[PDB]
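> My sequence and its experimental structure, below.
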Amino acid sequence: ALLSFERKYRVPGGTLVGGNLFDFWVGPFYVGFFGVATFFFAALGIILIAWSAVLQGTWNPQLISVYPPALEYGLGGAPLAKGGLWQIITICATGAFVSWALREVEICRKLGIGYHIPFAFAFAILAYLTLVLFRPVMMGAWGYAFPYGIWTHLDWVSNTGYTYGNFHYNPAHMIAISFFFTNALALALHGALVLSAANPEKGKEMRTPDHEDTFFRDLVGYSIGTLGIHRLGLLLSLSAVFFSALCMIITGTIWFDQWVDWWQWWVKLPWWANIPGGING
Amino acid sequence: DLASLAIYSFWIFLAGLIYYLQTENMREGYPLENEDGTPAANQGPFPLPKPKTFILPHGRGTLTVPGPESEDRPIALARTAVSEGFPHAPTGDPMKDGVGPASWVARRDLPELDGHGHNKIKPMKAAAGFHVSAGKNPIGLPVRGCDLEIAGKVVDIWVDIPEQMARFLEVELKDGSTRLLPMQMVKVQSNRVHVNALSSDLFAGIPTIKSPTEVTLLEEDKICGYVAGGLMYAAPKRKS
Amino acid sequence: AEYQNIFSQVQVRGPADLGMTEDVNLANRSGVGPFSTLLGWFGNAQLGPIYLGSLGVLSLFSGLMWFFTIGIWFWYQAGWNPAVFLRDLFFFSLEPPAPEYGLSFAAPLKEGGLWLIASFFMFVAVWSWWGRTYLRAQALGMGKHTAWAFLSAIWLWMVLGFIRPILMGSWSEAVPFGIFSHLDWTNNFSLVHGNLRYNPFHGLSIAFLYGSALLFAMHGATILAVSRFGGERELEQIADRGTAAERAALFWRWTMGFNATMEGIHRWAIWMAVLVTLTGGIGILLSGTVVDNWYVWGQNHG
Ligand code: BCL
Ligand code: BCL
Ligand code: BCL
Ligand code: BCL
Ligand SMILES: CC[C@H]1c2cc3[nH]c4c(c3C)C(=O)[C@H](C(=O)OC)c4c3nc(cc4[nH]c(cc(n2)[C@@H]1C)c(C(C)=O)c4C)[C@@H](C)[C@@H]3CCC(=O)OC/C=C(\C)CCC[C@@H](C)CCC[C@@H](C)CCCC(C)C
Ligand SMILES: CC[C@H]1c2cc3[nH]c4c(c3C)C(=O)[C@H](C(=O)OC)c4c3nc(cc4[nH]c(cc(n2)[C@@H]1C)c(C(C)=O)c4C)[C@@H](C)[C@@H]3CCC(=O)OC/C=C(\C)CCC[C@@H](C)CCC[C@H](C)CCCC(C)C
Ligand SMILES: COC(C)(C)C(=O)C/C=C(\C)CC/C=C(\C)CC/C=C(\C)CCCC/C(C)=C/CC[C@H](C)CC/C=C(\C)CCC=C(C)C
Ligand SMILES: CCCCCCCCCCCC[N+](C)(C)[O-]
Ligand SMILES: CCCCCCCCCCCC[N+](C)(C)[O-]
Ligand SMILES: CCCCCCCCCCCC[N+](C)(C)[O-]
Ligand SMILES: [Fe+2]
């Protein structure tokens, strides 16, 4: 089935690979070569996870967990029953994700729109790769990556965090949080603005984008504008994720001590390092 | 206890919310149709929402959604397979017929108005006080297409008064007539403006406007759709 | 080549815009400030005017008082010495009164009183600002969406330093005014309660915080992707759908099987964000009052 205005857009062309071979739809889903690739990497990946469930001796969703090779195996291969499966599922995950991005690229071409969406998705892929590929390699062992399990992956977060004391003190982590909080502030403000203009006081007529600028200038003395806010939202989001990846890649590599201690540098600065009183003297 | 009660209540509230949100997002494009235009058998678990009416500003009227959906224009396309789910090939010239990435929507043939009722977009030469305040001024630069041939020169910039933003460049072709080009599809450079979406021989095909001082919502779609369509359709002429 | 529309190529300027009048009392609207060419590259270059009525002045004054009250305390701790102030800036802290004082207002100035004074100012500063977001919308005749969504943020804040410390019986349960100390308080809060990782509301709150970044990345990128067809003019696309709105919906339907409408997407938005602090507030509120150990609770669900 198609939306009332969809037919005129369903023309051929825009594919990156295979020409007209996979240029078709299944319901609302577009396929394309990368649509098949995604499906392939995905199916093979779930099978390995089911096979893993048997070997683990459980079928419960909250219990299934696929752990990476133990630190001992280094950056080498491990037996399926302990790390091997994780390694292959990771390859499958990477394959699925990259195929998804390219599928989006083909959909962009056919619709004649910019490539901003796939570009934004790639930051997500980057962050994932940072945790299961880049950090582990730099630390010399797959064992530092997180396990594929609903609850088990949460243990990993806590244990990795507390290994450096209170992870709050990670400077990059502080920056990443600020963007995550601000982005939510902006998402709330944007949704509220457009809606307040489209659904005015009962009985009144639709407000204009001018009313929107005025509202924000009356409230805080400035309005970034309708184009600016979408540029801002995209930016706050990618920054939150960029700094998140950064905050973890520096951890256990260039800095492996307690994060709180890192701040001593500021306190130890010559000109004030030796002055009685306060908190640090 | 209270906690288990709260989380249980919350999950019910959430299901109701997702339901409410999906139905609200079905106010356009639905009911679903078959490729021939007749209503499709399977519409989904979500019922069409109860109509809402928008009171348009400036006495422009009213809009009620969901409502009777129709393209209000012919579509020059033909099927390429005996079963649904396959692409529909353009029967003529996709750029001229306005299909595929060259598609336009039959929006009202009136210009968008600002909060005060005046035209939102105007050529800079009619917008008293407006001037280029930063960056390279395009007025005067020749326009080059993806085939490396010059197709004309910029004779003005059409600005959005309310949001002080450049939206279109007015280009003059060899014949002395002008055409509008979307700002977001041109690269202003030190010695020229480059248009990758189109080749020189295609600039004359851009849809012309009625009045020399205003663009209507309908003409904006026809121009933007046409220039966007060049990326795919003017591709064989893109030697770079 | 390939213009991304992240930054403007050329800037245009005209007479300062004083805005729409409607029922706004123009006597309180200040004059227009300077035009920022820097800001103009990303969004609008105009600064001001700003409306500043009675409620605004009150808010703006209480806010400075709150900020200043914490300021002189930091100074007192710094031994008044500017070098120490800048050195230990992050370590200073204005703590709540000791547990012994309970909910009393009779605590020594140097051991809790100043915190109660600072909190009072913040309380007034925030609530007067909320009332302000509701009135600026009314004077222009638009819906109250911004005021209701703001209320969602006020909820978590109200719970952390007012509702919860009250139900618990002492001001000591509140958050201290200090940069490093409030981070410590957060860590301490989790541990004292059996690890917040087991609080289902904390888990939901996180899903939404992550969801908000996902959604704005999707929304923003979508709009810039269709800005070439006038996509940012969201209000008019709602009133008269253009190809921008169609292509945006179609990209999504072809990718994941379903889509939104120009107006509809802003509904997903306001809710995705608002739920972050709504669920969060409930999760914090129950901690210590009803559930004193989330791990234990999660075991028997009693
Ligand atoms: C949420 C659960 C915890 C908590 C956990 C954390 C954690 C964990 C972190 C913070 C961090 C921050 N917290 Mg906290 N925080 C809580 C409650 C609060 C409350 C409150 C009233 O309840 C406040 C005011 C703060 C305030 C702050 C900031 C100091 C900082 C960044 C916030 C932000 O991004 O806003 C975004 C919104 C804005 C409007 C921006 C405000 C102005 C910014 C901060 C500075 C000016 C920038 C300027 C405009 C542009 C640049 C100018 C040039 C520099 C000249 N927290 C509770 C107790 N908070 C992060 C930090 O870095 O701490 C040191 C951090 O890692
Ligand atoms: C006890 C825990 C520690 C701690 C330990 C850590 C550790 C350790 C880590 C973080 C990380 C993060 N921390 Mg911390 N952190 C703490 C307390 C906090 C507090 C707080 C208020 O106290 C906050 C707000 C944060 C916030 C954050 C973020 C900056 C960041 C998570 C976002 C992210 O990385 O996205 C990144 C996004 C992704 C990886 C998503 C990728 C998605 C992929 C590409 C696609 C999925 C497809 C598919 C499977 C989906 C389903 C398909 C079906 C068909 C539907 N931390 C304390 C101190 N923090 C993490 C981080 O920064 O990672 C880099 C991290 O590793
Ligand atoms: C070691 C730390 C503990 C932990 C302890 C806590 C505690 C404690 C809390 C959170 C809370 C939250 N945690 Mg946690 N959390 C941990 C690990 C994580 C992880 C992680 C990756 O594992 C993540 C991603 C998070 C993420 C989050 C957020 C979902 C949530 C905060 C929402 C928010 O927007 O507050 C930011 C927004 C506000 C506080 C609203 C502010 C509104 C007011 C009105 C603003 C006034 C501003 C004005 C005064 C001007 C300011 C001027 C300044 C000078 C700048 N936590 C571990 C288990 N977390 C909060 C929660 O809601 O729990 C359910 C909370 O209280
Ligand atoms: C991001 C930084 C840390 C981390 C820290 C945390 C913390 C802290 C928490 C979560 C939580 C979640 N995490 Mg995690 N998580 C990480 C990396 C991942 C990855 C990954 C591929 O990188 C995935 C798929 C997940 C997935 C999940 C979900 C089970 C859950 C809700 C996510 C959400 O709402 O996002 C927003 C996204 C959307 C709304 C889009 C829809 C996404 C859906 C819901 C994903 C379903 C995944 C599915 C169950 C399993 C994979 C697919 C199957 C094989 C078919 N996490 C890294 C290690 N994660 C929360 C939880 O409740 O866990 C128990 C929580 O408290
Ligand atoms: C749903 C929850 C999310 C959210 C939403 C939200 N917040 C909101 C809103 C909404 C919907 C508003 O409408 C309201 C707003 O007004 O936005 C513009 C607001 C707001 N959220 C704010 C902050 C904020 N929200 C936060 C979080 C969140 N808000 C969540 C992400 C946080 C976090 C993450 O902890 C912060 C820090 C404010 C910008 C604003 C509330 C304004 C307010 O109440 O101020 C009261 C008055 C004062 C403090 C006095 C100010 C005096 C000025 C002179 C200060 C100027 C700045 C100062 C740094 C200058 C110093 C001197 C310089 C020379 C350096
Ligand atoms: C800019 C970064 C932010 C962002 C943006 C973003 N995400 C995106 C996009 C964008 C712009 C898309 O276009 C794309 C999308 O299509 O959304 C509908 C997407 C997307 N973001 C998603 C999830 C997601 N994004 C996340 C985060 C973020 N995304 C950031 C906040 C998270 C977080 C917060 O944790 C998650 C869980 C997906 C819904 C979607 C991508 C879907 C996809 O890639 O499909 C291909 C793969 C499959 C259908 C399944 C593969 C199955 C197996 C091969 C492996 C399964 C196991 C797995 C590896 C581990 C599971 C372990 C967990 C249980 C712990
Ligand atoms: C340069 O030096 C001078 C002096 C000029 C300065 O200007 C310096 C100023 C500073 C150094 C200021 C520094 C400011 C900070 C570091 C502030 C940090 C604040 C936090 C991170 C706070 C975190 C969380 C706070 C919370 C959750 C507060 C909650 C408040 C309440 C809900 C209010 C509750 C009200 C109460 C208890 C009183 C009720 C009273 C009644 C009468 C009803
Ligand atoms: C976070 C995801 C929330 C649920 C999203 C999916 C809801 C069902 C969507 C059905 C769309 C149906 N269709 C194609 C017939 O219109
Ligand atoms: C403390 C709970 C706060 C909930 C905020 C919910 C905001 C919803 C905004 C849309 C509904 C608006 N309306 C018409 C009622 O004003
Ligand atoms: C409107 C979008 C709704 C998205 C909902 C996403 C929920 C993710 C799963 C959360 C699981 C939570 N938990 C552990 C508290 O039960
Ligand atoms: Fe928007």
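Good, I have the coordinates. Residues are numbered from 1 along each chain as shown, chains lettered A, B, ... in the order given. Ligands and ions are numbered 1, 2, ... in the order given.

> Please tell me I have it right and residue C:291 contacts residue B:4.
No. Applying CB atoms under 8 Å, one finds residue C:291 not in contact with residue B:4, separated by 9.6 Å. C-betas here are computed from N, CA, C, even on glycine.

> Give me the more crowded residue out of these two.
Here residue C:291 and residue B:4 are compared on neighbour count by other CB atoms under 10 Å in any protein chain shown; more neighbours surround residue C:291, at 21 against 13.

> Could you pull up the residues touching the closest residue to residue A:227 other than its chain neighbours?
Computed as CB to CB, 6 or more residues apart in numbering or on different chains, the closest residue to residue A:227 that is not its neighbour in sequence is residue C:232, at 4.6 Å. Contacts for residue C:232 (CB atoms under 8 Å, 6 or more residues apart in numbering or on different chains) come out as A:226, A:227, A:230, C:223.

> same question, residue B:201
So residue B:201 contacts B:147, B:237 (CB under 8 Å, 6+ apart).

> now residue C:42
With CB under 8 Å, 6+ apart, residue C:42 has these contacts: A:224, A:228, A:231, A:232, C:7, C:8.

> Make sure it is indeed in a helix.
No. In this structure, residue C:42 is coil, not part of a helix, as judged by DSSP: H, G, I helix; E, B strand; the rest coil.

> how far away is it from ligand 6?
19 Å (CB to the nearest ligand atom, to the nearest Å).

> Give the burial count for residue 31, as a bare number.
By default, I'm working from chain A. Neighbours of residue A:31 (other CB under 10 Å): 20.

> hmm, I had chain C in mind actually
9.

> Please apply the same query to the one 3 residues further on.
Burial measure for residue C:34: 10 neighbouring residues, criterion other CB under 10 Å.

> ok, now the one 5 residues further on?
Using other CB under 10 Å as the criterion, residue C:39 is surrounded by 16 other residues.

> thought it was touching residue C:33?
No. Counting by CB under 8 Å, residue C:39 does not reach residue C:33; the two are 11.5 Å apart.

> Which residues are in contact with each of those two?
Common neighbours of residue C:39 and residue C:33, counting by CB under 8 Å, 6+ apart, are residue C:47.

> so residue C:244 sits in a helix?
Yes. Counting by three-state DSSP, residue C:244 falls inside a helix.

> List the residues that contact it.
With the criterion set at CB under 8 Å, 6+ apart, residue C:244 makes contact with B:224, C:226, C:227, C:229, C:230, C:231, C:237.

> ok, now residue A:49?
Contacts of residue A:49 (CB under 8 Å, 6+ apart): A:64, A:66, A:89, A:148.

> and the longest strand along chain B, how far out from the chain's middle?
Counting residues, the longest strand found in chain B (DSSP state E) is strand B:150-160. Strand B:150-160 has its C-alpha centroid displaced from the chain centroid by 19 Å (CA atoms, centre = their mean, to the nearest Å).

> do stretch A:58-73 as well
Distance of stretch A:58-73 from its chain centroid, counting by CA atoms, centre = their mean, is 22 Å.

> for it, which positions count as buried?
Residues of stretch A:58-73 classed as buried under the neighbour-count rule (16 or more other CB atoms under 10 Å in any protein chain shown) are A:64, A:65, A:66, A:67, A:68, A:69, A:73.

> Over to stretch A:203-214?
Here stretch A:203-214 shows A:205, A:206, A:207, A:208, A:209, A:210, A:211, A:212, A:213, A:214 as buried, counting by 16+ other CB under 10 Å.

> Also stretch A:264-277?
Quick answer for stretch A:264-277 (16+ other CB under 10 Å): A:267, A:272, A:275.

> from those residues, which is closest to residue C:204?
residue A:267 (38.7 Å; CB to CB).

> So what does the closest one look like in phi/psi?
phi -60, psi -30 (degrees, to the nearest 10).

> I figured it was touching residue A:273, is that so?
Yes. In this structure, residue A:267 is within contact of residue A:273 by CB under 8 Å, at 7.1 Å.

> returning to what we had before: adding distance to residue C:110 and neighbour count, write the contacts of residue C:42 out as JSON lines.
Shown next, in JSON lines, are those (distance: CB to CB, whole Å; neighbours: other CB atoms under 10 Å in any protein chain shown):
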{"residue": "A:224", "distance to residue C:110": "44", "neighbour count": "17"}
{"residue": "A:228", "distance to residue C:110": "47", "neighbour count": "20"}
{"residue": "A:231", "distance to residue C:110": "49", "neighbour count": "23"}
{"residue": "A:232", "distance to residue C:110": "43", "neighbour count": "20"}
{"residue": "C:7", "distance to residue C:110": "52", "neighbour count": "10"}
{"residue": "C:8", "distance to residue C:110": "54", "neighbour count": "20"}
